[PDB]
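These are the residues of each chain, in order.
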Amino acid sequence: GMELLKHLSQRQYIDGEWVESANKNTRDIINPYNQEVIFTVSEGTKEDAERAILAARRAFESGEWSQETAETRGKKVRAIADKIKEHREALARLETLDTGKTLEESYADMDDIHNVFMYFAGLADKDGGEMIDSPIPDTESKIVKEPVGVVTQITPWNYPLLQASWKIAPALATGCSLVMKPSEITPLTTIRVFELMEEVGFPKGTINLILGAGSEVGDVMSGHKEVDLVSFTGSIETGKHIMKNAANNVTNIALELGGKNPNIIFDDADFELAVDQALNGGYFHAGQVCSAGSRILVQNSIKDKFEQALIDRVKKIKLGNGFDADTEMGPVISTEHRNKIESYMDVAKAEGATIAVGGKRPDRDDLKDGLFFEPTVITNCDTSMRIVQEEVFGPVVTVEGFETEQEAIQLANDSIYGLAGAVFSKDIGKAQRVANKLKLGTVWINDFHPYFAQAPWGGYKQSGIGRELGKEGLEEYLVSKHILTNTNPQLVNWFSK
Amino acid sequence: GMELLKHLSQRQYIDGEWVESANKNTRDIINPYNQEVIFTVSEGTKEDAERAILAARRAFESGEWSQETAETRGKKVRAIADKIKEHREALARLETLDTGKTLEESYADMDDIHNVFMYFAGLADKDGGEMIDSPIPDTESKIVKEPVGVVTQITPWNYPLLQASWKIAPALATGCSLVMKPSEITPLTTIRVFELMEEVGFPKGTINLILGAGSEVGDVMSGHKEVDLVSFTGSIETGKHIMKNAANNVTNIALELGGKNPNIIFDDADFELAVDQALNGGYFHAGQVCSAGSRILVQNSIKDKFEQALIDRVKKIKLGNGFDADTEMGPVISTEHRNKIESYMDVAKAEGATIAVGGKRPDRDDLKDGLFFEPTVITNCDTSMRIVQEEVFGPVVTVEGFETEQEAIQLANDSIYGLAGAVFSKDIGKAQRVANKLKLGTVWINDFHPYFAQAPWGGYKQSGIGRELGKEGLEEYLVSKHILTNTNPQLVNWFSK
Amino acid sequence: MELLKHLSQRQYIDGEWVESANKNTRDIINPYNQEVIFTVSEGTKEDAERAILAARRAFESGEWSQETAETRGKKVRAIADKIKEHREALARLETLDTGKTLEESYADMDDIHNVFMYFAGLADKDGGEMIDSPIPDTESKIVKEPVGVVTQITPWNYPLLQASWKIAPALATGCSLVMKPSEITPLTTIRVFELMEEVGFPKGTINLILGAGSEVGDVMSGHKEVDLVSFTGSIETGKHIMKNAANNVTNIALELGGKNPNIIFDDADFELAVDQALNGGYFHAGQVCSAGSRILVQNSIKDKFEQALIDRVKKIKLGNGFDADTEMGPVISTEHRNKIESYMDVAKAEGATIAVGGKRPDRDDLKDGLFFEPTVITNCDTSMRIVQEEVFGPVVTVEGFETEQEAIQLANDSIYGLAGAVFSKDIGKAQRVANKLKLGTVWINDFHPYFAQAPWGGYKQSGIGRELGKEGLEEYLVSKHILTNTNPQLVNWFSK
Amino acid sequence: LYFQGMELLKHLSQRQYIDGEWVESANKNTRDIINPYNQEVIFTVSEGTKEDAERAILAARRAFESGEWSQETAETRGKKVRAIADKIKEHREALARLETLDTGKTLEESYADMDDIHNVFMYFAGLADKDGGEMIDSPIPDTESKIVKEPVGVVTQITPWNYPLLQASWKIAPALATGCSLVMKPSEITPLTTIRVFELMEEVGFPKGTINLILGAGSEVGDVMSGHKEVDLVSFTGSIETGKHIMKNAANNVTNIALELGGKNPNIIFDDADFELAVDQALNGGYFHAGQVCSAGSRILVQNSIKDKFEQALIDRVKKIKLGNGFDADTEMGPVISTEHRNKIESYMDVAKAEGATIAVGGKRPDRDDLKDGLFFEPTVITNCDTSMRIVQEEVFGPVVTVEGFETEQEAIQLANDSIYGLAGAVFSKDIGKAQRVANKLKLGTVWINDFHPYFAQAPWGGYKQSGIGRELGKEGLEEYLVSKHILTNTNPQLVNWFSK
Ligand code: NA
Ligand code: NA
Ligand code: NA
Ligand code: NA
Ligand code: NA
Ligand code: NA
């Protein structure tokens, strides 16, 4: 469906105007299902990014949005939520066109996105600070929460609009001015949400959209002196660089990098549930969702049976066009990403692991032109291997065995990451013991994947800094100010007269 | 009084043992009043720092402190507070010996320190997380707050034990394990507080003290993979380096880097109060306290009179030995710091400002051997000058005029810093308008200097990242985990059978 | 006429619009002309019992109480949207029923929308706490649940606004409710129940009882299946309700109005203070719960203030609330106008001066309605009954004071504690006074503001508990401490 | 005849404490305090008058209005509350012995109590300066909106005979931490530890009138404490009948009430419970403090497949419970509190019989020589009963348990909730998921999963339904002693011009 695109903007949005790149450069956007060019958009310059940042500062300083009532900001955020639902069908199709995920996955996404905006809309006017009981007589002490200021927001290619919603909603609810740059390879739904936000109506410069991967654009967004918070979701290497650049101005950072999310299955788990959720954990969005569970840890007494049950089902996963109802798994996002996955299979082999199923591009005629990769299970591996220690971010799972509860915890925590993970067991007490010991921002007990606006999401260790979603997510966009009034000021007379 | 030192430890404290440096290196500690060597301590190695970090990790993982009840942690933090009060006299004298500040200032410090530990002791068991209303039927969602983990803590020379208290108290209250390194030039009260903490009794490895050059062990304390939070208070250049190092492991950072704190005096201020508090803001601890007000902004109609009234009083400030009750202002901290202050006077002159009073080392016989510098007032300057834009951190103030409320706000915000500031005016409504527009973490209305454990302290912009003190200060030492239990788990059956 | 042509005339119990069990009815009056405008069911005590039992059944079924908080919020938001959609007709109905101006009713409907919206947004924002247990190997959590079955009795001043303050949190939290509006002003409440039915809630979640039938109030306050009784109205009725609630140790929330003081210092903005004294005294003919009937004015400006106030009072335009030029409508009922008249007799007997007003207006177009002239009473003091007792009408008293300390002492010399104002350009002084006033809401250089984001309620005899804000929501929740011992060991205290 | 235990009462005050002075009753009336172990008079104290209570209330109001305590910094109030806590620990031994002397409970139970009481004061000391209100994001442009929390004002506090000093600590600690002024009246039959804690509080030092102690059950004293116009909150713990009367009196001034009236606390034992744990905890639930603690579990609901075995195991152990002097280390259960209370328990056994229940064991006063003079009653198990009986529907507050069977999870929940009460209860099952389902459906302020009795200052305690109004302990408990004030400042006030000029 190209007609989606006939009225879609191809430009950046800076200081209230849809504008081309300063040098008129463009980029061709691809559909991963067939590798065909589907759209062409502006490829911005570092100067365009600077300009958007300066526009955001100007707007912030003008106070039109930062001084708007929180109730009114909430209404405007709610109007965005309603736009998302109104345009659910076209937004879902656009996300499927751009990212390759199934239309059913995109629908679920748009429902979630609506709920993200709705949550933050409702939160906007619920906490402006606190009154402090001052330990000094005849003083009044209060903490006032203000918008952090100017924020730069960089989003990834896995769930572009969802990740955008997680950043935009609190930023707008709190009164910040923002500059957003989506992944250079998946900008379509982000352009669309900016059109919608423009329709809702915000003061000029409050929201700005930069497009591309232009030289130093990232560096400007992370290193500009007028930025108060840089919020980045993406690769670990890029994130570290971003944090180093933010240091030059002592700028707050929020990072969500990925993680190797463990899926711990005890022998007293509901076996069929555990297999089902291992599949779901490994292969939803071809294993590219941030919540993906690529590291299965299964108790030794059920390991052999578990491995086979998993493989039996992996063999039946239906690959195809995300627009087709029968498709269960779409393609991976890009050539570069598929190549990384292929190199990892080589690593697995070199280390002596077994490719139990999958591990190559599918041959089928209707899959030949797209960026498909078979769902894969790697067995006979251990925590010392690169394939276990490094996240591939593809439709690939590893399987390790464990003997004891203590061992499962130790193995699961033997990782540089700390994003999310699950424990499966009918023994809820045991599951809760494991959950309390796992160094992960989210632990699921007898589930896999859930996240929602009402609860914070983020990582321990190298999976990130800070939180998105929930009240903690909103707090990344606020800054505290202690105003202390002396209501009966007297000279101190410490120095001589 | 060097009997204060006859049983003071000269060693580091690592994994429950007082130990020398791995290479037996030492450093001579000086009294700034007379530049005499007063004590010799171990000068630790980068391997000593690594060892302390590994000990903190081991202890953390053992759970003896991290899994102790919050109530019990609070009792132990309270026992520290009680030790501080019990040893108030000797601790105050030690701080005066090491830092040069007056004994009265040290006494006030020790009272404050007691109150910091007491506040956090009381906070320890007041919030373990929250229950979330899950949007998914048949699920329980909770957010549990855990200690962040292993923390490294680097403190400055201005208020060594105070700054230590701000970091140690929440770290211990929340169940973290810590490695602390005080300023290489002022370690004495920090050594002493470690002896006191050891007496209170903590599991081995919970607290560790490293001594010596930040240039040796700093990179390890900021860049080690087993650290979960690096908390640094000190110079801006060092802080940026520390944050860039922390990025290598995506490590949380908390920074307080000082600031050029404005003191805004309107023509309807209580005049005598404003002069008094300008003196206090400029010259308490020879202008070296983090709350110092070096940038005075005074309304033009009272400026000429204000300048003279300030100068009249500056001429009478009594410099001397901090142990002498008549002393109002002690020396500055070191040769290096005094040299920086002298270079700044040269800058002021080169830029065309006037040294209205002071601006040199005092001549008097009893002051000749110490690191004294005269309280100084610089006039005829403006916001474009280096002397206005750069913080000297000494007994020096600049005076700028302003015509309007709007101008005062614009000038005060024309700075890279954002730590604290004051507004003086009998028109409380106007003071509140100004306070709301100042980009500062603390604004005082008709006061100067107050800070206290009940309220968060920290900076906007280049003054820092995060907060110390208050509930927010405690929160730096916690991490959130969302535990989601599915209480009626069903297969999803997204994939084929 | 078409405004009422499709409006239900019945009660709403367990998902059905029903007549009274005895088919009794009550004629509803328009205070502007005293004409009967509508006829509705006058329920029985058995009807009230049946609604309470229906609410309990629904609560126990869990369809609403176990609905997700996010979904409950969407439903409460849908109510808010209905209010805005029907803003025009709802405003006209409130004016018809209560007599207040159409402009006042419009403002009301905008506010009511915002009340539902606020609570919709709050519904899913706090489910309880994790506690750091002092017992090793235990998990301690506090789960917040709906309080249960709630009865809600509302007054005649701002019927739909007061209904919104109660309904919004009750629904957001998952309670089941039984509401009874003032017998004399049920129209907008019937309408909002039609709208809520359209939004769609499980049968029994919401129920509407109409009337002042024998023992109906007593059933709503004294039934064993009720978990909270929330009442807004007169002090005498509130006390009776609390005594009845005691028979089952039932939570009560009460809002009983108050003598709200308006303190004007000589350094106030003078014209602002006169303007706001008028607004405080005479908005809704002085019948709004935020009304300021007790003016305390500093002696040095008192004479000038009194005359400025009187000059303006003489020009206040009385008339039909539907007419744009009307500034003040009639009072609510014959009984209420009679209470106001008896208070003027008291004022005279005590030796106060009726400086202006104090009687029914004569004008031809006003003759048939329940009008009472805006009134200013001067030369009075805190020892008088007129100053100690609130009349809740278009009447203000004026007392002088010399000092800040005296103003505070006078303002606190009252059984009430609902709201009040301080007018002064000296903000530090206004803040000192505000901190010392025993009132749930204090305005500095303003009069009347209230809003869903902040709690409203009274100290002393003005009430128990709060409505609006997070505290208001909390009246509809109950805390449960669930403590799990994760390594239970025998205690072995008793011998084996 | 002298013995070292006399040092315990020799210097203990016998008077009330009003407006900073230890004073006798206005009419010099006194009351004899008894030790329930031997029914001997152990001490004589003032029995105050209604005028004494009025005077204390007026003193509290005066003090509150003076602001010396209400305007003290929260930090400083916390230090003072902490000093009280430290006094409790310092005098732990004597306070425990005194509580055992006055109430009859074992010395080990009193020791545990004093540790708890210390922790209560410590918890509130720590809480005192942690929340002064909120800044509100105002929907009106050019306004500032804040909520300031103030002490509620003058509070009256009436405590029961079961855990006199513990219940006193639950009330005093938040009242002082928040800056209220208080008037406290302990149970007329158990005032000793309350007098002692007032001596200790006076040592710590508070402004005159901030704390006041009334003693007795004098005519209309209760009525003055619940119905006086100068009171802002009445907090009562005790019987349901008294609580209702108190609430009705509080209504005359529209006065806030906080009530804790006890309850019939269910102990639900599934067939997949740890059997020996469940029998152990059923004993603990039924018989700690002779079943007089407020957390007592008198209503056992046991799944039918293990009911017979459970009933016999319970009875086998009940036969071995050691009754005796609370001061003796071997004592497992002490006497009941008074003659009137023991009589109520005896009349309930008559009711049980009339209704057709079986007294499986106990049900009478013990015969043994060393128990003959005290207010002892045998630990009792009543079987073959059902939810329609008075003995199941009404709480006896003694060393008595009833045992009902149930077949299903749904049935257990239904039966457990078929009660006018709502204080606390337990679920025993190795199936934690099931226990959690049951816990969420029970209409009780506290639910224990595989435990019985725990309460602590960090978590609120209170009842649904007729067990009470409001909460004690935790942040919610502190909040009973605070009142909210919304201060709204218009920072750019403009005339409205609604009325014509
Ligand atoms: Na991290
Ligand atoms: Na300085
Ligand atoms: Na910063
Ligand atoms: Na009125
Ligand atoms: Na009240
Ligand atoms: Na109740």
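Residues numbered from 1 in each chain as written, not as in the entry; some residues may be left out. Chains lettered and ligands numbered in written order. Heavy atoms only, no water.

1. Quick word on the overall build of chain C
Here is step 1 of the chain: On a plain count of helices and strands, chain C comes out with 16 helices and 20 strands.
Here is step 2 of the chain: Reported as C-alpha extents along the three principal axes, the dimensions of chain C are approximately 85 × 55 × 40 Å.
Here is step 3 of the chain: Contacts in chain C between residues at least 24 apart in sequence constitute 72% of all its contacts with a sequence separation of at least 6.
Here is step 4 of the chain: For chain C, the exposed area adds up to about 16200 Å²; of that, 46% sits on carbon and sulfur atoms.
Here is step 5 of the chain: Within chain C, the 75 negative side-chain charges are centred at a point lying 2 Å from the centre of the 53 positive side-chain charges. (Helix = DSSP H or I, 4+ residues; strand = E, 2+ residues; numbered from the N terminus. Contact = heavy atoms within 4.5 Å. Areas by Shrake-Rupley, 256 points an atom, 1.4 Å probe, with all protein chains shown as cover. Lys, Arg positive; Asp, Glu negative; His and termini not counted. Charge placed at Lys NZ, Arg CZ, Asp CG, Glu CD.)

2. Focus on the coordination of the sodium ion (ligand 1)
Here is step 1 of the chain: Ligation of the sodium ion (ligand 1) by protein atoms is provided by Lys 461 of chain A (O), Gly 464 of chain A (O) and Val 250 of chain B (O), these donors lying 2.3 to 2.5 Å from the ion.
Here is step 2 of the chain: Taking relative accessible area as the criterion, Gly 464 of chain A reaches 4% and is therefore assigned buried. (Donors = N, O, S within 2.8 Å, 3.2 Å for Na, K, Ca; no water. Buried < 20%, exposed > 50% of the residue type's maximum accessible area, 1.4 Å probe, protein only.)

3. Quick word on the packing of helix α13 (residues 405-413) of chain B against helix α14 (residues 428-437) of chain B
All names here are of chain B.
Here is step 1 of the chain: The interhelical angle for the contact between α13 and α14, taken along N-to-C directions, is 30°, at an axis separation of 10 Å. In terms of orientation, α13 lies roughly parallel with respect to α14. Note on packing geometry: the crossing formed by α13 with α14 is right-handed. Here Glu 405, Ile 409 and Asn 413 of α13 come into contact with α14, specifically with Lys 430, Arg 433, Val 434 and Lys 437.
Here is step 2 of the chain: The class makeup of the residues in the contact of α13 with α14 is 2 nonpolar, 1 polar and 4 charged. (Axes fitted to C-alpha atoms, helices over the stretch in contact; angles between N-to-C directions. Parallel < 35°, antiparallel > 145°, perpendicular 65-115°, else oblique. Left-handed = near helix turned anticlockwise from the far one by under 90°. Nonpolar A, V, L, I, M, F, W, Y, C, P; charged D, E, K, R; others polar.)

4. Observations concerning the domain arrangement of chain C
Residues and elements named next belong to chain C.
Here is step 1 of the chain: Domain boundaries assigned for chain C yield domain 1 (1-257 + 452-496) and domain 2 (258-451).
Here is step 2 of the chain: Here domain 1 and domain 2 have C-alpha centroids that lie 31 Å from each other.
Here is step 3 of the chain: Listed per partner, the contact involves 39 residues of domain 1 and 42 residues of domain 2.
Here is step 4 of the chain: Both faces considered, domain 1 and domain 2 share a buried interface measuring about 3200 Å² in area, 63% of it formed by carbon and sulfur atoms.
Here is step 5 of the chain: At the junction of domain 1 with domain 2, the criterion picks out 0 salt bridges.
Here is step 6 of the chain: Counting across the domain 1 and domain 2 interface gives 17 residue pairs in polar contact. (Domains from an automatic or database assignment. Buried area = accessible area lost by both parts, 1.4 Å probe. Salt bridge = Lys/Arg side-chain N within 4 Å of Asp/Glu carboxyl O. Polar contact = N/O pair within 3.5 Å; in protein donor to acceptor, adjacent residues only side chain to side chain.)

5. So, the coordination of the sodium ion (ligand 5)
Here is step 1 of the chain: At this site the sodium ion (ligand 5) is bound by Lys 460 of chain C (O), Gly 463 of chain C (O) and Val 254 of chain D (O), with donor distances of 2.4 Å. Of this pair, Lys 460 of chain C sits in the loop between β18 (441-444) and β19 (463-464) while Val 254 of chain D sits in the loop between α8 (240-250) and β11 (256-260), on two different chains.

6. Observations regarding the interface of chain D and chain A
Here is step 1 of the chain: Every contact between the two is made by 18 residues of chain D and, on the other side, 19 residues of chain A.
Here is step 2 of the chain: Overall, the association of chain D and chain A removes approximately 1500 Å² of surface from exposure, summing both partners, and the carbon and sulfur fraction of that is 53%.
Here is step 3 of the chain: Ranking the residues of chain D by area buried against chain A places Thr 73, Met 135 and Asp 137 of chain D at the top, with a combined share of 38%.
Here is step 4 of the chain: Connecting chain D to chain A are 2 salt bridges.
Here is step 5 of the chain: In this structure, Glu 144 of chain D engages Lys 142 of chain A in a salt bridge whose closest nitrogen and oxygen atoms are separated by 2.6 Å.
Here is step 6 of the chain: Here chain D is connected to chain A by 6 residue pairs in polar contact.
Here is step 7 of the chain: Breaking the side of chain D that touches chain A down by element, the ones donating at least two residues are α2 (74-90), β5 (133-136), β6 (143-151) and α14 (432-441) of chain D.
Here is step 8 of the chain: The biggest single contributor to the side of chain D that touches chain A is β6 of chain D, with 4 residues.

7. As for the packing of aromatic side chains
Here is step 1 of the chain: Taken as a whole, this structure holds 53 aromatic pairs over all chains when the rule is applied.
Here is step 2 of the chain: Their ring planes at 70° and their centres at 5.6 Å tell us that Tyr 455 of chain D and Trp 461 of chain D sit as a pair that is edge-to-face. When sorted by exposure, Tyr 455 of chain D lands in the same class as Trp 461 of chain D, which is buried.
Here is step 3 of the chain: An aromatic cluster is defined as three or more aromatic residues linked by ring pairs; in this entry it consists of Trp 166, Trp 444, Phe 448, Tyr 451 and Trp 457 of chain A.
Here is step 4 of the chain: The ring centre of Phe 206 of chain D lies 5.8 Å from the NZ or CZ of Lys 80 of chain D, which sits over that ring. (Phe/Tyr/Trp six-rings, centres within 6.5 Å; stacked < 30°, edge-to-face > 60°. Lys NZ or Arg CZ within 6 Å of the ring centre and 35° of its normal.)

8. Some remarks on the domain arrangement of chain D
Residue and element names in this part refer to chain D.
Here is step 1 of the chain: Under the domain assignment used here, chain D contains domain 1 (1-262 + 457-501) and domain 2 (263-456).
Here is step 2 of the chain: Domain 1 and domain 2 are separated by 31 Å when their C-alpha centres are compared.
Here is step 3 of the chain: Residue-level contacts link 39 residues of domain 1 with 43 residues of domain 2.
Here is step 4 of the chain: Buried surface at the junction of domain 1 and domain 2, both sides included, amounts to about 3200 Å², of which 63% is carbon and sulfur.
Here is step 5 of the chain: Counting across the interface, domain 1 meets domain 2 through 0 salt bridges.
Here is step 6 of the chain: A total of 5 residues in the side of domain 1 that touches domain 2 trace back to one element, the largest contributor, which is helix α3 (residues 92-103).
Here is step 7 of the chain: Per-class residue counts for the side of domain 1 that touches domain 2 are 17 nonpolar, 14 polar and 8 charged.

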